[PDB]
Structure formats: structure tokens, C-alpha cells
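S.K.: Just dropping in an experimental structure and the matching sequence.
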Amino acid sequence: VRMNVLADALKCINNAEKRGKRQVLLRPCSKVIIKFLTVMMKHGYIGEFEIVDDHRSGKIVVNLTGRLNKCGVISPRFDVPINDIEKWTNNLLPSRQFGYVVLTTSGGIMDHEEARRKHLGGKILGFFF
Amino acid sequence: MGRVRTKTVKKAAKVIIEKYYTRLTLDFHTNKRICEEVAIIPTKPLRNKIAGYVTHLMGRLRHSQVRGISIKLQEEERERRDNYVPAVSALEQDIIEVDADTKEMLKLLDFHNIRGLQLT
Amino acid sequence: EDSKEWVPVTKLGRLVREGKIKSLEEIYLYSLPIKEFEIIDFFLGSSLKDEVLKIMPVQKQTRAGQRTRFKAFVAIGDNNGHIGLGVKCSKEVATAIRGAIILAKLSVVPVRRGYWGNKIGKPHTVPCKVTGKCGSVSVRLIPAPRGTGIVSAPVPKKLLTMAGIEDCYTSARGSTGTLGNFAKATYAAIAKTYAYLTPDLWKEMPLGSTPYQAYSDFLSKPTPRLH
Amino acid sequence: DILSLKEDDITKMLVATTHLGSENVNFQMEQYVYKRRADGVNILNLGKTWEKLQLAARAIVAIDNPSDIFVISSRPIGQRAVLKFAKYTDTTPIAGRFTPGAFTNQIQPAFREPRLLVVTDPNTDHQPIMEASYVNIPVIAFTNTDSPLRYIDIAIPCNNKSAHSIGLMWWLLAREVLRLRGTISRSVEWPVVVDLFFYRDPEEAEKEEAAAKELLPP
Amino acid sequence: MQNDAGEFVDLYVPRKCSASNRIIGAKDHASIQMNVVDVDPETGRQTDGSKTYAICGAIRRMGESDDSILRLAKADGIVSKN
Amino acid sequence: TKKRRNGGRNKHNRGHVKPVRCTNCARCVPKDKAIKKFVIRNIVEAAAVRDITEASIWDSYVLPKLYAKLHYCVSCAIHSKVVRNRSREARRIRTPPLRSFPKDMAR
RNA sequence: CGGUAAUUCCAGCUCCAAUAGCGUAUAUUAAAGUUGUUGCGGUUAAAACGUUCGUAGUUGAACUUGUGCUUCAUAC
RNA sequence: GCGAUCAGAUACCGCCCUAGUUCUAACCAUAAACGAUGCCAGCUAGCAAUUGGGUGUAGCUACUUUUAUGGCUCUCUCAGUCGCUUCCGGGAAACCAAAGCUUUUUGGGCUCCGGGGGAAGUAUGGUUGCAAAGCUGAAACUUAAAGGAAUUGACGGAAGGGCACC
């Protein structure tokens, strides 16, 4: 059954990034997906994505750019306090310079470089670099 | 059959013929005489070979010469074999032959309403 | 003493002997075929040291009875930002290493050295993390702060002391006794560092001179201009 | 305009059966195929493939050496055109065998170093295409539907199995290399014929003499 | 790349693929500089001013770089009325 | 070390397939893993045709042939050399060769 | 290695490593991505139950107040 | 049990046949029970067939008639399956369109299983069976290799060639 519905947009972006596609058709559009790509959109790792609506679940057609390498998804959502947030930024993020760990804190989905500013902690969602 | 020709008789037969086909004869006995001129040899049975092989192929260049040789006289004839034969053109002058579905492509693309007629 | 000035064979090395290219990374800029080591004797050669890593013998079973030929490794690296790797088999150990040092020079590639966490003062280690696999060994290069030197096995520490990478973290899986697959694994990891689209490289270039365009006259002339 | 299609040429393009494409399409090449008849006549777009020529023409200039553009062929029906194509432009004609590999050369002081390979067929002339994969080479290939496109930029979809198609397009190349700062006085009608890139007959060559001087005695 | 005291520090900047944005690896030997030159709009008369295109091996080895020229051809308007 | 893509021969989604006795050793070998040869051979073999058609009654009658579908164990068609030992790049072919003529043993 | 010219044995000369320290045993930890959650492996190297059903257990799609609009504190 | 064969032959080959083979009634519960590849889900490419079902002929053909049911061909689509072609993915390789997306210390759930080779599927206990046996299942001891895939050695008892009076 379709277990993790965040996850296989990120294995359809990453899979279709590698072959170098320019547009990507996700299915079926969580509002955690759109909150995730908007985090990937403020940093320009993604185009402007359009949500072709059904009355079923939603479908997204995403425009790809070609700036990113890997969007993954940390299943299960491990509970990540602020103190062990640094543990993950060594692991998932390939340099201290760039890269992002998206996590759901309670004050809205933000990456670690916002939640380490707003002093929030939450559960982890995914990453990208 | 069983008297094949080695490399030296083969690799010298070309290099004298494409150079000195001119003022060269078919007569092997005088083709025996010309090998001491246009090259050198240490021994006379090699001139029994290297003249014998060129004369065992000398008539063969008249009748459909094989590859690997440039006689320097057929290529200047090949300029005339680069002949334009007049006057091959559009055959039925348009041509009127069309596949009857790309006649649309002769109209949807081309503004030429010229006579390309349906042949099924 | 040269004692023999190299002949321009290709059109590329024509230009470096005629001096129309005076920068080594120009051929790296368009990814040219660098197929004469007499190219890199011009640009570098000052500060290019050879180290061998193994002179691993290797044998074949003929009918009476064996025959040994020598797969000598050699490793050249300009001490800041260029590295190479050389492997060849021959009947003598001298005619491997006199010719292995050729085969390392032909594959000399540029290193990207990046700041670990704070961009101050001539970046040192590596911009990202890179794995190079060559047959079941895969060395996983990782940045480190200033002043902690190259921690590895002693072999690819020699691949990085001569690469200009200053302070690196490494970890190597697999049969790490096979030296061919442990040199080449790091070589295919060091050379990777300029093939990874860090977000620093998004604004593009004017995108080209392509020096066969920029110098189409000297290759149009057949006269071998000297100097 | 003058850089547009100029439909006197399509009157000649029907003659070389450029509309006739092969049966099997190969999805890279489907962007040029207009449509198909029943039972395997895949009719390509004719203005696409004419627009490729001026695109190929806009590519073939800005190579300041006309020497350094290697025209090649392997098939002999593509050979009489190609060496005669190098008569007017100063390209190097490569008819037949390549001797792989050309890449540390033998006698020649300068190299046989190309800079834009161009090739009548990607199927059968596959050898130096995949040998153009080493020395940074743009390759224009005359294509049919069934064609590889590996290391190909650009393709030119014509017919590439008739004697007349390759007989046409090299004359179609011959115009636009000279129309575009090649000084043919801006697309006037041609002093050279548009059929010299043809077999006078299939081999063996019958006794069709130079300008066909007929024998008064039998 | 560049440190705080405004320096493009290490060695160079590689060209990116003009088709799908990827980097040109510094040993890419199915790489290209494709210099399509423009033309006078009236008749013939090739003008100076080319259009330089860079196309990586990863795209040409797919074979999908006949059409990936055309997108860079059409968006630059070099091939026209498409 | 797997030698064939299909292993033995050709068992795609059946689970298990019926056996057949080999023609000249009577070995239980299966149906798809069986070198099937199918002969249509004349009854006089090509030299008595000029002798039977003397003593024919009719207008040459033309004579019948045999019709049998012979199965072989894999050894009993390497030993008979119906089928031998292809190369490693020619174990991958099924479609060629005859390439010369109409095949004999019919004839 | 030693099977009668021992770069390993018994020595002598020499030489090296640490040094008021050094060797030996068992134990333990790191090496060990050879117990692996981070992090292993299972076509052929050890390793996918003969098959499917199925409670325990583990794991389960989408949707249910979101940016607007005006101002100032505020980067310039 | 014969008859041969062989140095012997409780074997292969040859003859005779008995339990068995076969049908219902149960037991047994294993196999190279193999795709040596658990299962549910998504993605990443061509091309050729090919079994069902759907659909368009702007196809032929059947004659009941130009027809219409039937067949074929062409076009598209599901559910696929089998082959090839290749990675422009992985792998120790042989290879694999999954054995790929297992990325750089990686993450779609879930279960079963492996930890140098032997000893040993043994010993012993429990449990099932009429029994054969099945499931569970060690250690003392021994040991530095055992194993995988591939190269090069036999134009050494295997095919296909090609020579000479050692």
C-alpha cells in the first residue's frame, strides 16, 4: 500500500533529476509536500510548480531546474530536539556550507537554518542538497 | 597455386608500378631488363620474381584493376567520369507524384498550389 | 639541456609550444584531450614530484613456464591542486617507472579545495564529501577544520599530501589491501571535487572562446612557427 | 524571406523522395515525422527538415578553417556526392575506410584533427561517430527515422537510403555554405548542376562519356 | 567558492552544460562548444556574432541532444517560426 | 555460475513441464529441454527414385516421405552431433545459420 | 626460516625502538560497516520458509483558518 | 535370479520378474519444492513480438448481399508476459530494466534468515509419525584457510580444423 506519501515525491524528483528531466508529475499532493517544495523553492532548487487539482487527492506538476542532487526523507519522523539537531547536519548535509534539513517543528515546517534561528525543535522530515 | 609471393616482391610491385607504369612494357624479358634500372637488387632470382609478379599482374590492370593501386592515368579519366549527364531533373517536371496525405503538407506548409497529383 | 624540443603533434600542444595558451586550466576549462605529457612539462614541471606506491609484480603462465611483468604505480601531484596517477606493465622495472611517470602526467586533474566551516584564509580540505569507487574499495573524503592533518592509511595520505588538500577526513570500505583499487578509489574521489554542483557555481560564464576558435589562424597556417 | 523555405526547392525535394521515411521511427526522430500512411510510409515534415539545413548552415560557418570540417561516408552511394561536395568548399573528403584509430597519426606532421564531423548516415558510418566521442566533436548526421542519435548534434531527417536523397542534400548543403558569406551572390540560380552529386549509373559505369559524345560508327 | 575577502580562490570555474545546467566535469571528452552563427535577415550575408552552446556527454550519450539543441535554438530564436 | 539466461530451456511461468523419452537412449528429459528434430525424409533416398520409376505402373506416382518429430537427450544430440558446443558469444544466438543452400537429409 | 655459501636458529660485531622503564600471559576495549539503530549481507561467496491464508506485532493515502489588504516601528 | 563384460563387477549392457507403478481411504510433509531471486507501493528507456479484454479503421475479406455476425491487416490502450538492444544505473565479476534509484556514514513499509571452515543437521531433551522419519538443535575438540567470479596455461583422453613416412 502507498505508505509514505511525502517520500515518493522525493524519489520522483531525485529519480527524474538524475536523468535530467525538466518537468515532473507527482501524485498525490500532500500539504506536507507543498510545504516541502516551498522550502525547496526559496532556495531555488526547484522551479515554479503547479498543482493540477482533481477531486481525488491532488496532482502536482513540478518544474525542475537542475541545481539539486538529492532530496530524501527521513522515515520514521524521528523526534529531533534542538540539541541533537547538530548531529544530523553532520550526517545528512554534505558540508557545513550548504544543504538543508527540513524538519517539522510546531511553528511550521522550516529547515534547520531557520529553526536554529527561531530556536524551535520538532520532528525531522527530509533533506536536500 | 603453391608458389605464393612474399612481402618484398609484393611491397615492391606496387611502388614501381604506380610510379613507372609509363615507359613500361608487357614483355617480361625486357621487364626483366628494367628492374635493375628503377630499383636495385642483390640477386637475379629476385628479378625472376619481382619482374615475374608485375607481369603476372600487368595485363590485369587493363581489365578491371584491383584496389591498392593508383595508375595516375585513370584518375584523370575519372574527372570525365565526373560527368554531368544532361538533363536529369524533376521527372514529371514538378513532380506530380504525391503520397496523397502529404499533399496536405504541400498545402498546409507550402503555399505552392502546383500540380502534385494523387496517385494511390 | 632538453635535449630534444618536443614536436607539436596535436593542435593543442601546438599552441602551448607557440605560447598561445598561457594558463593550464584553459584545457581544463573546455575539458580538452591532454594527450601529450610534453604539455604539462611546459606549464608545470617546476614542483612536480614523483612517488611510487608499489611495484607489484604480476605473472602469466606460459607453457614453460612463467613470465613476470611489472605493474608499477606512480603518483605525481603538484603540491597545491593537481594530482595524477600512473600504472603500466613492462618487462623491466626501469621501463615501467620511466614510462609510468608519463602515464601519471597525462591524467593530471584539478582539485577543488573548499572551506570547512568558515571562509578565512586560502581554502584547504574539500568542498563537499566525495566517494570514489574503483572496484569494491571506496574512499569517502570528508572536510575537517584547520590543523588536523590527513588522517588515512599511509597510501592515500600520500595521494593528498601531494594534492594540496590540507586537512582531510577519510574512511575506506572494502578490500583495502588491493593497492590499485585504493589509489584509484581516492584518485576518483579527489578528481570528483570539481564535478559536483555546489550552490556557489550557479552564475554561469560568458560560455566560451573554444581556443580552436580563438587561434584558428595558427592552425590555418602550415608553417611551423618557432619558439 | 531569403532565409525562409523558398518552395522552388520542394519541387526538387519530392524528386529525391524525401517524404518517404522508413518504417521504424525511434522516438528521438519522431519529432520530425509528420505522419504515416497505412502500411509503413512515415511521411516526415518537409519544412522541419529544410529548417534543419539553415540551422546546419548557421552552424557550419564560424569555422574559420574550411579545412577542419571532416565530411565522411562509408557507403559508396554516399561516396560520389561527398568527395564532390569537397570540391567547392575546402572540406576534407573521407570516402570509405577510416582506419580506426586516427589518433596518434602516422606520417602527417599536423594531425588529422577534425572540428566538426558531418556524416551521411549514423547507422552504417557508426565507427568515427563513436570515435568522435573522444576529441570534443560536434557531429551533424543526415538521418532517416530509424537512426541512432548517440553523440549526434544535429540531425537532418531526409531519407538516407535512396540514391537521390543523399544526391540532393549535399547539393542543398552546397547552396547554404556559399549563400552565407560564401559569396555566391545571395542565392542566385546555380552555375553548377544540382545532379552532379549522383551516380551517372550504378556501378559498373556504362559508357556514358563526358557530356555524352555519341558514337557515329557502331 | 569565494572567501570573505573577495577572491575566486582556487583555480577556475567550469563551464556548465547549457542544456540541462549540469557541470562540465574537467575530463569530459564528449563535451562541445557549438558555435551557431547568425545571419543577416535580408539575404545571405552571414554576420559576425555567434551563439555558443555547451553540451555535456551525459546528454549526448543519451542521444537526446539533437532536440536539446532545438530548445536552445528556439529560445534564442536562432531557428525561427517554430 | 549461471551459463544460460534460461537455464536449461524455456520454462516460462509453468512451474513444471512434462517429460518425453529421448529417442535413442529413452531418457526422461522434459519437453522444452529437448532437442526436437523433425525429419521429412524420402522413402527411397534419391537413388532408387531412378530405379522405382522404371517399375512404376503409373505416371511416376510421385513417392511419399516420412514424418516424425524426434526428441533427443542433450548428450544424445552432442554425441550424434545434431547440436554442438557453440562459442560464448554464439550461445546467444538462436536464429542463424543455414546460409548455404536448402538443407539436406530431406532432400 | 634450518634439510652442510642460514638477511630469522647459537653466538660476536653492529644496529633499532622506546627508557626508570621494558617484556609475557589471560581479560577488555578500539581496529570491527567481522553484530551493523546511525551501518552490514542474503542470484552464484554463509544466508528468501515449498505454498498461500492469518491472529500477536509492526506499518497504514488525501482532506478540516492561509496568504492577502493598510500602516508603522525597519533592512536600505 | 540369471547371460555377459572385466584383472575382479554384488555395476553399466542383455533377459526374467517381485514390491512399486494405477483407483478410491487415510497417513508422511519433504525436493536443485530453483527464477539457487520473500512480499505490498512508486519511479527510471527503447524495440520487437506476444496471451486475454477494450477501441478506431479515415482497412481488407467472408458470402447471407455491397451488407450485417466471422477472419485478417492497420491505429490506440489497459493487465501483462518473453526476447533483444543498451546504460548514457549497479556489481568482485559472470551479469541485472532490476540483482537499478542500496547517494556521499541512508530511511517506501514488513517478515524470515547469515557471521571463517570443520566437527554436524551430529549428540542430547522436547514434540509430531504405524514406522520410515520430520521439525526444533549444541559443544568439547580441530584448523588457516575453505570458498566466489574471472584470466592465462591441453588445434592431456570433448567437438571443428589443418600438416610430415622420427
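M.R.: In hand now; what should we look at? Numbers count the residues shown, from 1 in each chain, chains lettered A, B, ... in the order given.
S.K.: List the residues that contact residue 19.
M.R.: All of this refers to chain A. Taking Cβ atoms under 8 Å, 6 or more residues apart in numbering or on different chains, we find residue A:19 in contact with residue E:62. The C-beta positions use only the backbone N, C-alpha and C, and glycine is treated the same way.
S.K.: Switch to chain C, please.
M.R.: So residue C:19 contacts residue C:227 (Cβ under 8 Å, 6+ apart).
S.K.: State the number of residues packed around residue 114.
M.R.: No chain specified, so I'll use chain A. 18 (other Cβ atoms under 10 Å in any protein chain shown).
S.K.: try chain B instead
M.R.: Neighbours around residue B:114, by other Cβ under 10 Å: 14.
S.K.: Specify the local secondary structure of it.
M.R.: Per DSSP: H, G, I helix; E, B strand; the rest coil, the local secondary structure of residue B:114 is coil.
S.K.: do you know how far it is from residue C:179?
M.R.: Going from residue B:114 to residue C:179 by Cβ to Cβ, to the nearest Å gives 75 Å.
S.K.: so where do the helices sit in the chain?
M.R.: If you meant another chain, say so; for now it's chain A. For chain A, the helices defined by DSSP state H cover A:7-18, A:33-42, A:85-91, A:112-118.
S.K.: Wait, chain F was what I had in mind.
M.R.: Using DSSP H, helices in chain F cover F:49-52.
S.K.: most centrally placed residue in it?
M.R.: Per Cα atoms, centre = their mean, the C-alpha nearest to the average position across chain F is that of residue F:37, at 1.7 Å.
S.K.: Roughly how far does that residue sit from residue F:28?
M.R.: Where residue F:28 is concerned, residue F:37 sits at a distance of 18 Å (Cβ to Cβ).
S.K.: just residue D:179 next, same as before
M.R.: 78 Å.
S.K.: Excluding chain neighbours, what is closest to residue D:36?
M.R.: In space, and not counting its chain neighbours, residue D:36 is closest to residue D:42: 4.6 Å by Cβ to Cβ, 6 or more residues apart in numbering or on different chains.
S.K.: wait, the one you found sits on residue D:145?
M.R.: Yes - here residue D:42 reaches residue D:145: they are 5.5 Å apart, a contact under Cβ atoms under 8 Å.
S.K.: which residues are in contact with both of these two?
M.R.: With Cβ under 8 Å, 6+ apart as the test, residue D:42 and residue D:145 both reach D:21, D:22, D:23, D:25, D:33.
S.K.: which pair in those residues spans the largest distance?
M.R.: Distance extremes for the shared contacts of residue D:42 and residue D:145: the farthest pair is D:23 and D:33 at 10.9 Å, using Cβ to Cβ.
S.K.: So between those two, which is more surrounded?
M.R.: Between residue D:23 and residue D:33, residue D:33 has the larger neighbour count (other Cβ under 10 Å), namely 19 against 12.
S.K.: Show the residue spans covered by the strands in chain D.
M.R.: With DSSP state E, the ranges of strands along chain D come out as D:33-37, D:41-44, D:70-73, D:92-95, D:117-119, D:139-143, D:155-157.
S.K.: What of chain E?
M.R.: Assigned by DSSP E, the strands in chain E fall at E:33-37, E:50-54.
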